[PDB]
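Single chain ahead, written as structure tokens, the form deposited in one PDB entry.
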């Protein structure tokens, strides 16, 4: 009987259990994400502050329900305190330090693969529980440590969304209509995989067009040493039509992804280019 705990919105002042500092781990939509310390254990953690409101509690739940996944940043616990006469939602997160995906990179095809593989997993799990991130951009991919074995994790559920309301032989369609399709998630993947391998994004900067038109290239030299197999994989991800685009399940099985170990240590110009513009 495997069961994890349900989420609990703590009401006591976060200050008693934690020690909040002025350091800024970073900025964004909701504001500053401060670095905090756990008194009794003295470990560092990220603190996110949301206005308490229905939409917010939904996000938090989704993320908390997905923290059981290795490659998703974990929510240690959440508070509902009173901030400025305003009822807020304080979220404590494991503190990722390694830095954003591309940074670490700039600062082998096989490595690019392995990276794609973990991002894939972050998505496979979310989807396997009916959730679409819908904001899988590089920025939201931080490394745990600076160490060489740091692990990659996806974060930010400000747009996370439930795709499911309300017979061994029945088709997935019949199971019911679930919209908000995660396809974009698979698109974000292509973009990322692209950038990794060469150092720049597929669609450059009438860009909104080149996209809708779905017109890009694997410019030489950059892609001169890249397999048509790897190339073919980007294409099925970069399909302009959702329903035509590859599935997360089909991605995790594609050879390049499923067998990183056995993938060419062919160098990539990435860092260089990545640093050039």
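Positions refer to the first chain, counted from 1. We call the rigid core the largest set of C-alpha positions that still match within 1.5 Å between the two forms.
Heads up, the form deposited in another entry isn't pictured, but that's what we're talking about next.
Colleague: If you fit the rigid core between the shown form and the other one, which of 51, 42, 249, 240 ends up with a C-alpha shift of 2 Å or more?
Modeller: Shifted by 2 Å or more: 42 only.
Colleague: Residue 67: CA shift of at least 2 Å between the shown form and the other one after core fit?
Modeller: After core superposition, the displacement of the residue 67 C-alpha between the shown form and the other one stays below 2 Å, so no.
Colleague: After fitting the rigid core, is the C-alpha of residue 268 off by 2 Å or more between the shown form and the other one?
Modeller: For residue 268, whose C-alpha is compared between the shown form and the other one after core superposition, the shift is less than 2 Å.
Colleague: Would the C-alpha of residue 30 be classed as shifted by 2 Å or more between the shown form and the other one after rigid-core alignment?
Modeller: It does shift by 2 Å or more.
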